[PDB]
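Colleague: sequence isn't available, so here's the structure alone:
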Ligand SMILES: O=P(O)(O)OC[C@H]1O[C@](O)(COP(=O)(O)O)[C@@H](O)[C@@H]1O
Ligand SMILES: O=P(O)(O)OC[C@H]1O[C@](O)(COP(=O)(O)O)[C@@H](O)[C@@H]1O
Ligand SMILES: O=P(O)(O)OC[C@H]1O[C@](O)(COP(=O)(O)O)[C@@H](O)[C@@H]1O
Ligand SMILES: O=C([O-])C(=O)[O-]
Ligand SMILES: O=C([O-])C(=O)[O-]
Ligand SMILES: O=C([O-])C(=O)[O-]
Ligand SMILES: [K+]
Ligand SMILES: [K+]
Ligand SMILES: [K+]
Ligand SMILES: [Mg+2]
Ligand SMILES: [Mg+2]
Ligand SMILES: [Mg+2]
């Protein structure tokens, strides 16, 4: 028995667990999207080709660093690498491009001139925070300059301040009108231009900064597929991003990053206004007690799953692999549990942006995700999603649920879906079938954006439109049939589910057929 | 909302998840036992006191290193630290001592010229493995001496050999009588005396070596509470440890460590013969594919939960804390998910034996475990444990289940249980009540051993025996009542469940009372 | 296999059904209370003794017939028969007395000449209804006198009028001053003083008339155990009855009878004000469409089960047995489904009051009830009762649920409960254990009223209160022990549950012990 089907038949979750079998191999298709941050270790066209081969579906560009020229080149390399595979539509894997905004970050100045300079702070020692730009290049164990000008207006005595991924901490002892005297909690090696967090402090920086305005315009110019908006705190923050992207960027998806307490508190507002969510655990785990992160993570994945909107689990998933070729046991666990929680996508940051083993990190996420997907208790999941979904008389929705139910009944090799905008394939995915969803579209952007959804394997048909619509439909269904055969998802004998519409244009999916693979 | 009680009332697991609230604080009681490995960083009487204050419940001695003299002094320090709190029975926290065997380990020799300054192994290079003792202290990038004399008999050309927590990988290119020429796959730095794994080979080292026998007997002499037996592969290995402990060590608990494929395959047989299980993920994630570990972990926790036997999740849970004062997000997640999976105890190894932040590591596990315990979906868990639990005409079992049912009905502050051997408390714990189980005993060994079970807070009553048994029982009940108040588990008005028996001696628990706190 | 235990282990309700076995004999104990209407056929002391031996637990006196002098003698006979078994407390069975009011009913007058005389009513013929007392004793096929003075003011032309258990239907053609010219739709023999129904009409008779007031005070004077209040339409009707019973009758249980559309619509407020409910289907099935009666029945049993208040399924359950010694297949099915629905008691009216086979009808209800009780799917029922069980801190409640859970765990022979007011035993029965609840009391009225609750086998202890309270408790527990053994509920080696308190007086039940039967 493969893909944990024995465990799949358990009548209780406990027995389901008891039945998980390390000797029960998973299927070929991996449903969870893998998002990779591109940087120095993975920027080349050559390495990008291997990233794609290893499993990358989305390339994330972090705009909290780098110039527009730098990112434009990275994007150009991503596309060169992605199109080197275009000559064979059957095997071509679309790759999306995501712009991750700097957003309202607070950073520090330069250490002793050299940007590569590092001052090792002494615990218990003191430290003065300067807002005097004269020191924005003069940083050492005694004077530290920040980006945030209104810092004194929101911080008090006793308050803590974290620097560099929240490792170096500080306690505000003396508050001035433009200065801060603090004592090191647990210092260490302090480099320059590091991230600073002010937990509990209501930072007043702008939802969309000047830099962010520049970057978003650039995103539109570069034709990015999505924007990961940093530090979203409320629905109005998302709306600002939306309005700034405006008309020209109207089809760009906005993924709100939840990384502070206010974002968690106002999560429902944010999700309603967003196209999807990212559980940005780096800042989140500095912003709120590290021990409460898993709670916020499971809450958000659960709500996104309930809403049918994409949710990404991010940050430090395979951290140790920045230096080692194998992950720690906690990391293998974290990736598997993010998938079991229900995340549509999992992400890599420093692991692929700058680490020594970018390809190994991608391959490991592919490996763990696939094993975890087979371990999902679909019996309970499908039942709860069905019962918890709003009641409606939308023909497409009824067709979507019937196809997933039919797919479980016959253990189909796939659910083939023709879609222009991606919507019909999204409706199927929210029900979480075990079988992969081959989404056939002629729209290159829907093909790339589809990766945000668990189980959707976007396929881009390049065939000219046949004059006879019925033949044009069969041509795309056969194209999917060919893809499934070439990819090892299924074979000639197998049974597959096929979703199509009654007429041309979006919004008319209403036909479900159980067909054998030709 | 407190202790995630809003999420607690969800009618589905998905909505349960949707309700997890980072602003819903947990109770004061932390149910999951914390096992700490003692070493250079935590050996002193003074830091051991903080270890205990920080949450350590069990001190683990790793016999893969050190002499009997060394370990006896560790044991003495643990007891000194533990008894420095004995003057106040109401606040005294029993601390167990666990002996973790070396078992059938394979280790490399010493690096030459600098017995630690590592040699660099590069992918593609060649490295010869020798058994010629002339090289046992002259290992380098070209020749590596190993511990296992029959290694050449169980490996073949093409076999894979892993070194140092499986971070270094080699492939046998040529086989010799007393050597192997290999090619390096995953390279890295090689230090001295590192662990070696031969996945897929049938290593013939005895499960219990002569050294293991010496150590086990030493464990009996030193009055240890439990043994963590390394590399258990089948029930007969367990029986062998049992025999070595013999009559004098008959009350010492045997926890079989599962760390190779065979252990997983014969798990049921091993579980039946053992007192409990350790999911020893270090070796397990080298022995089987890293991406399959979470499957084996959930299978074992689920099965031991079904059997009512203790299970320990171990290794690399807060790894990065060996060097940093704060854990990665994957580690925070790992500890939380182990508890949610149902692990009775969690463990620290390098984090407490040698890291720079042992105290912080202990405190973090305490914090995460308590948050995760509140997030458990008891509604489904208790229901499934009941249905799956073997029906029986056993009075004590019926009393235990009724007490847990009653604790949920009146949200009791605790279930107080008088126990001589610990059995009555173990029987309550297997049903997983939300309320803590205060186990009152006069037996010091059962007070220490009780820590292996989720939710049991052992309290050692020193009061002399009353002539009138009824009064002696009431005296012990009031003691529990006092511990709970001083510990902040409940107040004078609260309601608590209390279990007692019909006559003195073990095995007569049959009385359940719902009593208000005095 | 016995008492459908195989079916009990079923994981789904459908499989539970599939496993029901006509060859799995049930236990001796019958849980559903049997309420019998006393009349000419069952009024003699000699026949009453047999009724009790056959299974009667409650004697119902229908006050819409007979004088106070007549009922007082019936009550006297019921008590003479009941006490004839008093010389042996171990086998003595308490028998309750219920007073069922006439309430706002409408009846015709006497048929010409004789009082047994009847007239033939042909379909299509016309019949005139008069209110002119000159004809109240001259009723015949041409003129029918009724006792509802405002009838002409609440009815219209075309209105339907039913006579004699809704078997004769009349349609109003001409609405006269103090008469009605009607057309017979369904013919049949008309007798004297038959019940009349005006479905749809807003009959304005008093909830509690002057005669009902007198009968209710008579009930108090006669020391009846409960009142079955006819035609309750709202909470204020119940309050009126309570006020009439008043301070002296404050302990008499009020069971509101739901038999009209309004009582069903305002059911929740009626239940809150009442002690129990009776699903009075005779009138109900005339007042509302016959095809909807089962909906009202299952809604009421469900809501009563939810609130933990007694519910009686009544009327025409074994109708054909008024004339035949065996019931129809529909009747056997009806009794069984009333029990499966969750009815605390089932009732007999004409079958025992005037039928030719009173004893056989009682025996049949006993036989069917016992078979059905074993066929209940307790696995789902108990789980749902708990899930829906309110959140409280009452110790007695937590003890009751704990005892029921424990009874399922060890398949106990019984749950023995010492109770003064009966409340503690009521609390156990609301959770619907499979095991019988032997309620031991010294209070004769509580022993009598306990029959309203499914599963409570009331037992009246006559022994004098022992000096020492502990021995008095043990004395009462041992008494229940003797009862269970004498009646074949259990035997010496059996395990049973025992519930007692920590001090005399009501409201202190808090102790549960699992013990073998002496
Ligand atoms: O998912 P979307 O955007 O609603 O598209 C699904 C639509 O595509 C179809 O398969 C039609 O395809 P085309 O317009 O591409 O020929 C419809 O029949 C269906 O309404
Ligand atoms: O859990 P165990 O080992 O069975 O001990 C519970 C036993 O302890 C008791 O409370 C008796 O206590 P002492 O024998 O008084 O410690 C019994 O009544 C009960 O049988
Ligand atoms: O069900 P009730 O009316 O609350 O009675 C149960 C009560 O009876 C008891 O068994 C006491 O019995 P007695 O008062 O008749 O001696 C208590 O201990 C208990 O509180
Ligand atoms: O920005 C992020 O991705 C984070 O903080 O984790
Ligand atoms: O031995 C251990 O604890 C392991 O291998 O994880
Ligand atoms: O009154 C009743 O009992 C009825 O109408 O069924
Ligand atoms: K950010
Ligand atoms: K080991
Ligand atoms: K009637
Ligand atoms: Mg950013
Ligand atoms: Mg060891
Ligand atoms: Mg009546």
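Modeller: On my side now, so go ahead. Residues are numbered from 1 along each chain as shown, chains lettered A, B, ... in the order given. Ligands and ions are numbered 1, 2, ... in the order given.

Colleague: all strands of the stretch 301-450 of chain A, in order?
Modeller: Assigned strands in the stretch 301-450 of chain A, in chain order: A:311-314, A:345-348, A:415-418, A:437-441 (criterion: DSSP state E, counting those that start in this stretch).

Colleague: and the closest residue to chain C within the stretch 101-250 of chain A, what are its phi and psi?
Modeller: Going by Cβ to the nearest Cβ, chain C is nearest to residue A:200 of the stretch 101-250 of chain A, at 33.6 Å. Using the backbone N, CA and C atoms, a C-beta is placed for each residue, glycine as well. Main-chain torsions, residue A:200, degrees, to the nearest 10: phi 80, psi -20.

Colleague: that's a strand at residue A:174, yeah?
Modeller: Yes. Secondary structure of residue A:174 (DSSP: H, G, I helix; E, B strand; the rest coil): part of a strand.

Colleague: my guess is it meets residue A:181, correct?
Modeller: Yes. Applying Cβ atoms under 8 Å, one finds residue A:174 in contact with residue A:181, separated by 3.3 Å.

Colleague: thinking again about what came up before, which of the strands of the stretch 301-450 of chain A sits closest to residue C:265?
Modeller: Judged by Cβ to Cβ, the one of the strands of the stretch 301-450 of chain A that comes nearest to residue C:265 is strand A:311-314, at 46.3 Å.

Colleague: counting by contacts, list what that closest one packs against.
Modeller: On a contact count with 3 or more Cβ pairs under 8 Å, 6 or more residues apart in numbering or on different chains; DSSP states H and E, strand A:311-314 meets strand A:276-280, helix A:281-287, helix A:293-307, strand A:345-348.

Colleague: wait, does it contact ligand 10?
Modeller: No. Using Cβ under 5 Å from the ion, strand A:311-314 stays clear of ligand 10, with a minimum separation of 10.8 Å.

Colleague: do that strand and ligand 4 meet?
Modeller: Yes. Contact of strand A:311-314 with ligand 4 (Cβ under 6 Å from any ligand atom) involves residue A:314.

Colleague: would you turn the strands of the stretch 301-450 of chain A into CSV with mean neighbour count and distance to residue C:255?
Modeller: Output for the strands of the stretch 301-450 of chain A, formatted as CSV (neighbours: other Cβ atoms under 10 Å in any protein chain shown; distance: least, Cβ to Cβ, whole Å):
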stretch, mean neighbour count, distance to residue C:255
strand A:311-314, 28, 55
strand A:345-348, 27, 62
strand A:415-418, 29, 57
strand A:437-441, 27, 59
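
Colleague: for residue C:187, which of the ones you listed is the nearest?
Modeller: Residue C:187 lies closest to strand A:415-418 among the strands of the stretch 301-450 of chain A, at 65.1 Å (Cβ to Cβ).

Colleague: and the closest one, which strands flank it?
Modeller: Partner strands and pairing direction for strand A:415-418 (DSSP bridges) are strand A:437-441 (parallel), strand A:495-501 (parallel).

Colleague: which among those is found nearest to residue B:304?
Modeller: Nearest of the strands paired with strand A:415-418 (Cβ to Cβ): strand A:437-441, 37.2 Å.

Colleague: what is the burial count for residue A:395?
Modeller: Counted with other Cβ atoms under 10 Å in any protein chain shown, the neighbours of residue A:395 add up to 15.

Colleague: with adjacent residues omitted, what lies nearest to it?
Modeller: In this structure, residue A:395 finds its nearest non-sequential neighbour in residue A:510, 4.8 Å apart by Cβ to Cβ, 6 or more residues apart in numbering or on different chains.

Colleague: ok, residue A:112 - contacts?
Modeller: Listed by Cβ atoms under 8 Å, 6 or more residues apart in numbering or on different chains, the contact set of residue A:112 reads A:119, A:138-140.

Colleague: show me which of those residues neighbour ligand 3.
Modeller: Among these, no residue lies close to ligand 3 (Cβ under 6 Å from any ligand atom).

Colleague: distance of the spatially most central residue of chain A from residue A:371?
Modeller: Chain A has residue A:312 as the residue nearest its centroid, 3.7 Å off, counting by Cα atoms, centre = their mean. Residue A:312 sits 20 Å away from residue A:371, going by Cβ to Cβ, to the nearest Å.

Colleague: could the strands of the stretch 301-450 of chain A be laid out in CSV, adding distance to residue B:316?
Modeller: Formatted as CSV, the strands of the stretch 301-450 of chain A follow (distance: least, Cβ to Cβ, whole Å):
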stretch, distance to residue B:316
strand A:311-314, 20
strand A:345-348, 19
strand A:415-418, 38
strand A:437-441, 35
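
Colleague: compare these and give me the one nearest residue A:71.
Modeller: For the strands of the stretch 301-450 of chain A, proximity to residue A:71 was assessed by Cβ to Cβ; strand A:345-348 is nearest, at 17.8 Å.
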